[PDB]
Structure formats: structure tokens, C-alpha cells
Amino acid sequence: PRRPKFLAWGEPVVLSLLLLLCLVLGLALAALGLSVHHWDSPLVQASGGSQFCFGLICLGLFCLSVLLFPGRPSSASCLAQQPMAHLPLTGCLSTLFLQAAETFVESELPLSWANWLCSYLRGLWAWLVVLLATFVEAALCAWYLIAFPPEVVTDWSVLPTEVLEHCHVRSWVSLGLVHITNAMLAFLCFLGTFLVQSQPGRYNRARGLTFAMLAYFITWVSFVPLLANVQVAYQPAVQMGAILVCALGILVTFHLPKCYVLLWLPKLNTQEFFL
Amino acid sequence: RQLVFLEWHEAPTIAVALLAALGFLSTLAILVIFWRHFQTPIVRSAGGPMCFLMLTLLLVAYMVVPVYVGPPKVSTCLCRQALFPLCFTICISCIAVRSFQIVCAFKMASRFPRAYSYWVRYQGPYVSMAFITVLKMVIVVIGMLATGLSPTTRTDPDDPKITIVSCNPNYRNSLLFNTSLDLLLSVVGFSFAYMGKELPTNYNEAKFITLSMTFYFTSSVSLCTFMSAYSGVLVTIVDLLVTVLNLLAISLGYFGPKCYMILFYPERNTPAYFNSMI
């Protein structure tokens with residue numbers, strides 16, 4: 001009588017992943033708390049105001065997808081895993097792209113265009129552009145769920161004394177469908193922030209976004225050979241880990257270094273240092 | 001069983017051939033433009049002998065595609081595995097060592113006169129560019145002795161009816177040693193150039209070094225990852241494509257921007273202009 005096999009919540013790898021979830025989500029909550037602390041401060045305003053808080057919120061809902069992967073599989077869980085991860089991720093990353101856009105409009109685009117376009121990006125239009133990016137993601141997610149859903153596989157002989165249960169993705173294309181929107185946002189952000197350079201005595205915005213994009217790319221690239229090498233039963237663990245580390249890469253390069261100034265060097269929270 | 005290799009009947013193969021033709025003709029335009037501007041300030045900053053040779057090596061390299069396509073023979077395995085990699089490494093080392101030369105130059109004279117007083121005269125960074133080159137030879141030529149020369153064959157499991165013919169035994173392991181130094185040089189140049197992206201030196205060439213090195217790094221990482229995930233028939237075409245694109249990145253991304261100043265800013269062509277970029 002073969003035993004069914006899937007990740008148990010108590011396994012040390014799942015314990016480690018839910019431990020790392022504590023650091024990721026707690027730091028996200030702490031950064032949101034600090035933003036709430038200095039909400040009206042020009043720093044948060046220069047960082048896009050409330051779009052900043054919303055972004056942090058979205059990031060938490062991204063980490064919230066980590067819970068879907070381990071445990072007894074079901075078809076609903078397999079369907080939900082990818083979209084409910086990447087849709088919040090899009091809701092976050094669109095704002096990073098927007099700030100990257102702001103740095104490009106400021107410091108390469110001629111003034112005659114920039115004076116108008118900077119005011120045109122901000123306001124209701126920033127919120128509606130975030131909504132439009134989420135709409136794209138949702139369309140791609142609908143196409144994925146209908147035409148290319150994953151299948152629950154119970155395999156009876158792939159192991160000596162066990163039957164292996166897990167979600168299996170139809171084609172790498174079906175996953176690529178879900179990774180395109182976020183990948184696109186990252187490409188645009190990097191190209192927008194990479195080559196620009198600031199004057200002295202003003203906040204250095206492009207550097208953090210550049211490091212965030214590089215961390216994102218490196219994480220999701222290293223995630224490939226490991227997912228190819230890892231045992232079939234343990235594929236979820238490297239998925240979860242990516243979602244965690246990817247989120248960490250965004251946190252430690254863009255948000256946390258701003259909270260660092262907010263708490264430990266408040267003299268910089270002055271109007272013309274940002275404006 | 002059925003042999004498989006690149007042929008002109010394939011749209012992407014002829015597409016790569018056309019892209020390589022575009023690259024070669026554009027690089028020929030670059031060279032013939034430089035050919036009547038030997039001693040202009042921008043060409044003079046280019047590096048003199050270094051720029052002519054680099055351009056020449058690249059003009060040869062574009063011929064790989066016609067020699068890479070078609071039923072393999074050892075005659076093609078010789079070049080596609082050793083010679084063209086040598087042509088490419090000569091250029092990458094040139095770019096990276098120039099990036100080091102530009103940045104941190106200020107510290108060379110004041111803090112390390114014991115070195116700079118001799119390193120300035122008659123060769124300087126050339127020496128390092130030479131040594132890296134032979135170091136790559138130690139990886140390449142002897143490595144080819146280890147694998148031996150053969151247009152080997154392998155099987156693709158989606159249906160073992162068909163077999164790949166390729167000049168690359170143990171492709172992943174073969175490429176790992178080759179790409180270790182490529183990644184080292186690419187990241188070093190990327191770091192030096194990005195830290196120096198503000199400098200105006202040599203008509204602000206650090207920015208263009210940054211662009212080309214970033215493209216090379218991203219493409220190399222992408223191909224190594226993809227090969228670590230995939231082993232099917234397409235590997236050879238993509239590998240060729242990534243090569244040609246990289247060549248473009250070196251040609252259009254570094255010399256292209258300088259040529260974009262040569263003919264279009266005769267003001268900046270002025271010899272007296274150069275002192276303003278010190």
C-alpha cells in the first residue's frame with residue numbers, strides 16, 4: 001500500500017520558508033507602518049504619496065500567495081497558485097515603474113515636455129495607470145486559467161514505495177504567460193533608471209530602482225536551474241522561495257533604504273532635497 | 001534516423017544570416033568612416049592601434065554565420081569553438097581594460113607613482129590585455145585538446161527518430177569554462193563603467209561601454225540559464241543568434257555612438273574641444 005507524498009507543513013524546508021515569510025511580511029508591515037507614521041511628509045509625497053502605501057499593501061498580498069503551494073494538492077489550489085501570486089506582484093511593481101518613469105521625465109527629457117508630463121503622470125492618472133496594468137495582468141491570468149490550466153497529477157510508480165501528488169504545469173509557455181507582465185514592468189523600469197544621473201545635493205532615486213530590478217532579474221533567473229535540478233516532489237519549495245526572495249529583493253533595495261532615512265537621518269526630509 | 005542541422009530552408013537561420021549581413025555592412029561603414037579620419041580627436045582617443053585591430057577582428061567574426069550553418073565538418077568545428085571565441089575575447093578584454101583605465105585614473109599617479117611612472121610609458125594596460133588573451137587561450141585551445149575535434153551527434157528525446165549534429169561535445173560543461181572568464185570580464189567592465197557613468201572622458205565613452213557591457217552580461221546569463229534548462233534541437237540556433245546580437249552590441253553599441261558624433265558634430269570634431277573634457 002503506497003503512501004501518498006506531498007509537502008507536509010511541518011517539514012524543515014516548509015518551516016524555513018514560513019520563517020522567511022515572517023521576515024518578509026514583518027518588514028513589509030513595518031515599512032507600511034513607518035509610511036503611515038510620516039504619511040504627509042514630502043519624502044512619502046516625493047515617493048508618489050499614497051501610491052507608495054498601496055504598493056506596500058500589494059506586496060503583502062503577493063507574499064500571501066506563498067501559503068497556497070504546500071500541502072495536499074487540489075485542482076482549485078493549482079489554478080489559484082500562479083495568478084494569485086503574480087497579480088498582487090503586478091499591483092506592486094507598476095508603482096516602481098511609475099517612479100522610474102518620473103526620474104526619466106525629470107532628468108533626461110527636455111524641460112518643455114517634462115514640466116507638463118510630470119504633472120500629467122501624477123494625480124488620478126497614476127492610480128488609473130496602476131489599474132490598467134492590473135487589467136492587463138488580469139486578462140493574461142484569465143487566458144492562463146481557461147486555456148492553459150495546470151493539472152493535478154497523482155503518479156503511481158515514479159517512486160519506489162510512494163505515489164507522488166503535485167500540480168504540474170502544462171507548458172513553460174503557460175507559466176511564461178503569467179510572468180510576462182511583471183517581466184515587462186521590470187525591463188521598462190531598468191531601461192528608465194539605468195542611464196540617468198542626478199545632481200549633487202538631491203535625493204538619489206534611480207539607484208535604488210536599478211538595484212531592485214537587478215535583484216528581481218537575478219532571483220527569477222537563478223530560480224530556473226534550481227527548479228530544473230530539484231526533485232519533482234520539492235518543486236513547490238523553490239517556487240515559494242522565489243516569491244519570498246523576490247519580494248525581499250524589492251523590499252531591501254527600494255523601500256527599506258527610504259525608511260532608513262526616515263528614521264535615522266530625518267534632516268533630509270526637507271522640501272528641496274526632493275523637489 | 002534523421003540528421004538535423006541549420007540550413008537556409010529555415011526562416012530563423014536566414015534571418016540570422018541577414019542580421020549578420022546588416023552588422024557586417026554597418027561595421028564596414030564604421031571602418032570606412034574611420035578610414036579618412038585617422039587622426040581626428042575622437043578617433044585619436046579611440047585608442048589608435050587598438051581600435052583598428054578590434055574593428056578588424058569584428059569584421060572577420062561576422063563570417064561565422066555562413067561557416068556555422070550547413071552540414072558540419074571539422075573545418076567548421078575548428079573556428080566556431082576556438083578561433084571566433086578568440087576574436088571575441090580580444091575585443092571584450094579591450095573594452096574592459098579601457099573601462100578600468102578611465103576610472104580610478106586619478107589615484108594611479110598620486111598614490112601609486114612607483115607603478116604609474118613605468119606603467120604610463122610605452123605599453124601600460126596593453127600588457128594586461130595581452131595576458132588575459134593568452135589566459136583565454138589556456139582555456140580554449142588546450143580545452144579543445146581535452147574534448148578533441150569532432151562534429152559530434154546527440155539524440156533529442158521528444159522523438160529519438162531525429163539526431164542533432166553539432167560542434168560542441170558536452171555543451172554545458174564545454175561552455176562553463178569558456179564563460180567563466182567572459183562573465184568575470186563582463187561584470188568587471190560593467191562595474192567600472194557604471195561607477196564612472198558621469199565621466200566625460202574620451203567624449204564620454206563610459207556610458208557606451210556601460211550599454212554594451214550590460215547587453216553582453218544579460219545575454220550571457222540568459223543563455224547559460226536557458227541551456228541549463230533546455231537541451232533540444234533549438235540550442236544551436238539560439239546560441240548563434242545570441243552570438244550575433246552580442247557582436248552587434250560590441251559594434252553598434254560602442255563605436256556606433258562615437259561615429260554618431262564624428263559626422264554629425266563637426267563642432268565637437270574640433271581639436272581645441274578636447275581640453276574641455278579633461
# chains A, B, ... in the order shown; residues from 1 in each chain; ligands from 1
>>> closest_atom_pairs(of="chain A", to="chain B", cutoff="8 Å", atoms="only C-alpha atoms", output="JSON lines")
{"residue": "A:195", "atom": "CA", "partner": "B:207", "partner_atom": "CA", "distance": 7.5}
{"residue": "A:197", "atom": "CA", "partner": "B:198", "partner_atom": "CA", "distance": 7.1}
{"residue": "A:221", "atom": "CA", "partner": "B:225", "partner_atom": "CA", "distance": 6.9}
{"residue": "A:222", "atom": "CA", "partner": "B:225", "partner_atom": "CA", "distance": 7.6}
{"residue": "A:224", "atom": "CA", "partner": "B:225", "partner_atom": "CA", "distance": 6.8}
{"residue": "A:225", "atom": "CA", "partner": "B:228", "partner_atom": "CA", "distance": 5.8}
{"residue": "A:228", "atom": "CA", "partner": "B:229", "partner_atom": "CA", "distance": 6.1}
>>> write_last_selection(atoms="N, CA, C and O atoms", output="PDB file, in the first residue's frame")
ATOM      1  N   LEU A 195      20.471  54.605 -17.023  1.00  0.00           N
ATOM      2  CA  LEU A 195      21.446  55.543 -17.570  1.00  0.00           C
ATOM      3  C   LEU A 195      21.358  56.947 -16.987  1.00  0.00           C
ATOM      4  O   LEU A 195      22.240  57.768 -17.266  1.00  0.00           O
ATOM      5  N   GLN A 197      21.488  60.154 -14.391  1.00  0.00           N
ATOM      6  CA  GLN A 197      22.394  60.579 -13.333  1.00  0.00           C
ATOM      7  C   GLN A 197      21.896  61.881 -12.719  1.00  0.00           C
ATOM      8  O   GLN A 197      21.386  62.756 -13.424  1.00  0.00           O
ATOM      9  N   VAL A 221      16.067  34.440 -12.452  1.00  0.00           N
ATOM     10  CA  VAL A 221      16.953  33.701 -13.346  1.00  0.00           C
ATOM     11  C   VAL A 221      17.587  32.518 -12.623  1.00  0.00           C
ATOM     12  O   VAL A 221      17.556  31.386 -13.115  1.00  0.00           O
ATOM     13  N   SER A 222      18.165  32.756 -11.441  1.00  0.00           N
ATOM     14  CA  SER A 222      18.688  31.651 -10.643  1.00  0.00           C
ATOM     15  C   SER A 222      17.596  30.642 -10.311  1.00  0.00           C
ATOM     16  O   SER A 222      17.886  29.462 -10.087  1.00  0.00           O
ATOM     17  N   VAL A 224      15.624  29.255 -12.196  1.00  0.00           N
ATOM     18  CA  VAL A 224      15.421  28.307 -13.294  1.00  0.00           C
ATOM     19  C   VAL A 224      16.271  27.053 -13.116  1.00  0.00           C
ATOM     20  O   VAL A 224      15.719  25.943 -13.064  1.00  0.00           O
ATOM     21  N   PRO A 225      17.604  27.160 -13.046  1.00  0.00           N
ATOM     22  CA  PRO A 225      18.418  25.940 -12.920  1.00  0.00           C
ATOM     23  C   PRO A 225      18.099  25.149 -11.671  1.00  0.00           C
ATOM     24  O   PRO A 225      18.130  23.913 -11.703  1.00  0.00           O
ATOM     25  N   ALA A 228      15.028  23.234 -12.263  1.00  0.00           N
ATOM     26  CA  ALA A 228      15.315  22.117 -13.154  1.00  0.00           C
ATOM     27  C   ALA A 228      15.994  20.978 -12.404  1.00  0.00           C
ATOM     28  O   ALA A 228      15.733  19.803 -12.680  1.00  0.00           O
TER      29      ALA A 228
END
>>> select_by_dssp(residues="segment 20-126 of chain B", states="alpha helix (DSSP H)", output="ChimeraX atom specification")
/B:20-34,41-46,49-61,64-68,74-78,84-102,105-111,113-119,126
>>> residues_around(residues="residue 199 of chain A", least_positions_apart="3", cutoff="12 Å", atoms="only C-alpha atoms", output="PyMOL selection string")
(chain A and resi 106-107+196+202-206+273-274) or (chain B and resi 198)
>>> write_last_selection(atoms="N, CA, C and O atoms", output="mmCIF file, in the first residue's frame")
data_model
loop_
_atom_site.group_PDB
_atom_site.id
_atom_site.type_symbol
_atom_site.label_atom_id
_atom_site.label_comp_id
_atom_site.auth_asym_id
_atom_site.auth_seq_id
_atom_site.Cartn_x
_atom_site.Cartn_y
_atom_site.Cartn_z
ATOM 1 N N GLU A 106 12.171 63.597 -15.391
ATOM 2 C CA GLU A 106 12.892 64.694 -14.757
ATOM 3 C C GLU A 106 14.246 64.938 -15.411
ATOM 4 O O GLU A 106 14.566 66.076 -15.779
ATOM 5 N N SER A 107 15.059 63.889 -15.586
ATOM 6 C CA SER A 107 16.494 64.114 -15.734
ATOM 7 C C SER A 107 17.058 63.596 -17.055
ATOM 8 O O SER A 107 18.277 63.467 -17.195
ATOM 9 N N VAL A 196 20.327 57.258 -16.203
ATOM 10 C CA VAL A 196 20.155 58.623 -15.716
ATOM 11 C C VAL A 196 21.087 58.889 -14.537
ATOM 12 O O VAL A 196 21.445 57.983 -13.775
ATOM 13 N N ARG A 202 20.721 66.339 -3.966
ATOM 14 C CA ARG A 202 19.340 65.949 -4.199
ATOM 15 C C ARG A 202 19.232 64.438 -4.056
ATOM 16 O O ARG A 202 20.206 63.711 -4.262
ATOM 17 N N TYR A 203 18.039 63.971 -3.699
ATOM 18 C CA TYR A 203 17.858 62.557 -3.400
ATOM 19 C C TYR A 203 18.165 61.693 -4.619
ATOM 20 O O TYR A 203 17.832 62.044 -5.755
ATOM 21 N N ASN A 204 18.817 60.556 -4.369
ATOM 22 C CA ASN A 204 19.336 59.676 -5.420
ATOM 23 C C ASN A 204 18.327 58.561 -5.705
ATOM 24 O O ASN A 204 18.419 57.442 -5.194
ATOM 25 N N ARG A 205 17.328 58.861 -6.519
ATOM 26 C CA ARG A 205 16.262 57.885 -6.727
ATOM 27 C C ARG A 205 16.542 56.741 -7.661
ATOM 28 O O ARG A 205 16.124 55.621 -7.390
ATOM 29 N N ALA A 206 17.266 56.975 -8.743
ATOM 30 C CA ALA A 206 17.376 55.918 -9.748
ATOM 31 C C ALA A 206 18.167 54.716 -9.246
ATOM 32 O O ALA A 206 17.945 53.588 -9.709
ATOM 33 N N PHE A 273 15.308 69.072 -0.940
ATOM 34 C CA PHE A 273 16.148 67.896 -1.130
ATOM 35 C C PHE A 273 15.487 66.904 -2.074
ATOM 36 O O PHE A 273 16.176 66.136 -2.753
ATOM 37 N N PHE A 274 14.156 66.904 -2.122
ATOM 38 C CA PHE A 274 13.407 66.082 -3.061
ATOM 39 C C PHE A 274 12.872 66.865 -4.250
ATOM 40 O O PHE A 274 12.758 66.302 -5.344
ATOM 41 N N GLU B 198 29.346 59.046 -15.015
ATOM 42 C CA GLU B 198 29.301 60.502 -15.057
ATOM 43 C C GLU B 198 30.461 61.111 -15.837
ATOM 44 O O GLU B 198 30.347 62.252 -16.300
#
>>> closest_residue(among="A:79, A:237, A:90, A:162", to="residue 132 of chain A", atoms="only C-alpha atoms")
A:90
>>> residues_around(residues="residue 86 of chain B", least_positions_apart="3", cutoff="9 Å", atoms="only C-alpha atoms", output="CSV table (one decimal) with N, CA, C and O atoms, in the first residue's frame")
chain,number,residue,atom,x,y,z
B,82,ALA,N,37.1,27.6,-31.3
B,82,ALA,CA,38.3,28.2,-30.8
B,82,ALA,C,38.6,29.6,-31.4
B,82,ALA,O,38.8,30.6,-30.7
B,83,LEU,N,38.5,29.7,-32.8
B,83,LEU,CA,39.0,30.9,-33.4
B,83,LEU,C,38.1,32.1,-33.2
B,83,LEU,O,38.6,33.2,-32.8
B,89,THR,N,37.1,37.5,-27.6
B,89,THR,CA,37.7,37.8,-26.3
B,89,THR,C,38.7,38.9,-26.4
B,89,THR,O,38.8,39.7,-25.5
B,90,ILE,N,39.3,39.0,-27.5
B,90,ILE,CA,40.3,40.1,-27.8
B,90,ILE,C,39.5,41.4,-27.6
B,90,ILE,O,40.0,42.4,-27.0
B,91,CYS,N,38.3,41.5,-28.2
B,91,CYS,CA,37.5,42.7,-28.1
B,91,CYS,C,36.9,43.0,-26.7
B,91,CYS,O,37.0,44.1,-26.3
B,133,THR,N,44.4,37.7,-22.7
B,133,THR,CA,44.2,37.0,-24.0
B,133,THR,C,44.7,35.6,-23.9
B,133,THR,O,44.0,34.6,-24.2
B,136,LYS,N,42.8,33.2,-21.9
B,136,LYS,CA,41.7,32.6,-22.5
B,136,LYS,C,42.2,31.5,-23.4
B,136,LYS,O,41.5,30.4,-23.5
B,137,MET,N,43.3,31.7,-24.1
B,137,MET,CA,43.9,30.6,-24.9
B,137,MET,C,44.1,29.3,-24.0
B,137,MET,O,43.7,28.2,-24.5
B,140,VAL,N,40.9,27.8,-24.0
B,140,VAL,CA,40.3,27.4,-25.2
B,140,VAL,C,41.1,26.3,-25.9
B,140,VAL,O,40.6,25.1,-25.9
>>> closest_residue(among="A:215, A:192, A:148, A:173", to="residue 78 of chain A", atoms="only C-alpha atoms")
A:148
>>> residues_around(residues="residue 79 of chain B", least_positions_apart="3", cutoff="12 Å", atoms="only C-alpha atoms", output="list in words")
residues 60, 61, 63, 64, 65, 66, 67, 68, 72, 73, 74, 75, 76, 82, 83, 84, 85, 86, 87, 88, 140, 141, 144, 149, 167 and 168 of chain B
>>> write_last_selection(atoms="N, CA, C and O atoms", output="compact mmCIF listing (two decimals), in the first residue's frame")
# COMPACT_ATOMS: atom_id res chain seq x y z
N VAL B 60 35.96 40.27 -39.36
CA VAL B 60 36.11 38.86 -39.67
C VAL B 60 35.01 38.04 -38.99
O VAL B 60 34.42 37.15 -39.59
N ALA B 61 34.72 38.36 -37.72
CA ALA B 61 33.88 37.49 -36.91
C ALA B 61 32.51 37.27 -37.55
O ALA B 61 31.93 36.19 -37.43
N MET B 63 31.67 36.58 -40.38
CA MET B 63 31.65 35.46 -41.32
C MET B 63 31.29 34.14 -40.66
O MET B 63 31.10 33.15 -41.37
N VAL B 64 31.21 34.09 -39.33
CA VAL B 64 30.94 32.84 -38.63
C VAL B 64 29.64 32.21 -39.11
O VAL B 64 29.55 30.98 -39.28
N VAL B 65 28.62 33.02 -39.34
CA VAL B 65 27.27 32.52 -39.60
C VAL B 65 27.27 31.64 -40.85
O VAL B 65 26.83 30.49 -40.78
N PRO B 66 27.76 32.11 -42.01
CA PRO B 66 27.86 31.21 -43.16
C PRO B 66 28.71 29.98 -42.90
O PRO B 66 28.41 28.90 -43.42
N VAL B 67 29.76 30.11 -42.10
CA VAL B 67 30.62 28.98 -41.78
C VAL B 67 30.00 28.09 -40.70
O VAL B 67 30.33 26.91 -40.60
N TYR B 68 29.11 28.66 -39.89
CA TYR B 68 28.46 27.92 -38.82
C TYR B 68 27.28 27.10 -39.35
O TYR B 68 26.99 26.01 -38.84
N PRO B 72 27.80 20.07 -40.71
CA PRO B 72 29.09 20.34 -40.07
C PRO B 72 30.23 19.51 -40.65
O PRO B 72 30.04 18.41 -41.17
N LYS B 73 31.44 20.08 -40.55
CA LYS B 73 32.68 19.35 -40.72
C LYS B 73 33.66 19.88 -39.68
O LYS B 73 33.44 20.94 -39.08
N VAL B 74 34.75 19.14 -39.47
CA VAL B 74 35.76 19.59 -38.51
C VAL B 74 36.29 20.96 -38.90
O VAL B 74 36.70 21.75 -38.04
N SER B 75 36.30 21.27 -40.20
CA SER B 75 36.76 22.58 -40.65
C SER B 75 35.97 23.70 -39.98
O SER B 75 36.52 24.78 -39.73
N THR B 76 34.69 23.47 -39.71
CA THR B 76 33.88 24.46 -39.01
C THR B 76 34.02 24.35 -37.49
O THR B 76 33.93 25.37 -36.79
N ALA B 82 37.07 27.59 -31.31
CA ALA B 82 38.29 28.22 -30.83
C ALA B 82 38.56 29.60 -31.43
O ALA B 82 38.80 30.56 -30.69
N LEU B 83 38.52 29.71 -32.76
CA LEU B 83 39.04 30.91 -33.40
C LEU B 83 38.15 32.12 -33.16
O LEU B 83 38.63 33.19 -32.76
N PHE B 84 36.85 31.97 -33.38
CA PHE B 84 35.91 33.08 -33.25
C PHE B 84 35.78 33.49 -31.78
O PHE B 84 35.64 34.68 -31.48
N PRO B 85 35.78 32.54 -30.85
CA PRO B 85 35.90 32.91 -29.43
C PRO B 85 37.13 33.75 -29.12
O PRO B 85 37.06 34.66 -28.29
N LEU B 86 38.26 33.44 -29.75
CA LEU B 86 39.46 34.26 -29.58
C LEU B 86 39.23 35.67 -30.12
O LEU B 86 39.55 36.67 -29.45
N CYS B 87 38.67 35.76 -31.33
CA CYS B 87 38.34 37.07 -31.90
C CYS B 87 37.45 37.87 -30.97
O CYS B 87 37.62 39.09 -30.83
N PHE B 88 36.50 37.21 -30.32
CA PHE B 88 35.57 37.91 -29.44
C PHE B 88 36.23 38.33 -28.12
O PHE B 88 35.98 39.44 -27.62
N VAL B 140 40.88 27.82 -23.96
CA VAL B 140 40.30 27.42 -25.24
C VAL B 140 41.09 26.27 -25.87
O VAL B 140 40.61 25.13 -25.92
N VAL B 141 42.31 26.55 -26.33
CA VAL B 141 42.99 25.60 -27.21
C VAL B 141 43.23 24.29 -26.49
O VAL B 141 42.85 23.21 -26.98
N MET B 144 40.14 22.39 -26.19
CA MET B 144 39.80 21.65 -27.39
C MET B 144 40.60 20.37 -27.49
O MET B 144 40.10 19.37 -28.03
N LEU B 149 38.59 17.24 -31.45
CA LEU B 149 37.80 17.87 -32.50
C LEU B 149 36.90 16.82 -33.14
O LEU B 149 37.37 15.78 -33.59
N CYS B 167 28.96 20.91 -33.39
CA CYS B 167 30.37 21.04 -32.99
C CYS B 167 30.49 21.52 -31.54
O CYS B 167 31.04 22.58 -31.26
N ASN B 168 29.97 20.73 -30.61
CA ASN B 168 30.11 21.10 -29.21
C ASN B 168 29.86 19.92 -28.28
O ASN B 168 28.78 19.81 -27.69
>>> closest_residue(among="A:231, A:35, A:75, A:161", to="residue 262 of chain A", atoms="only C-alpha atoms")
A:35
>>> closest_residue(among="A:158, A:180, A:30, A:3", to="residue 140 of chain A", atoms="only C-alpha atoms")
A:180
>>> closest_residue(among="B:50, B:30, B:234, B:176", to="residue 256 of chain B", atoms="only C-alpha atoms")
B:30
>>> residues_around(residues="residue 149 of chain A", least_positions_apart="6", cutoff="12 Å", atoms="only C-alpha atoms", output="PyMOL selection string")
chain A and resi 75-83+141-143+167-175+177-178
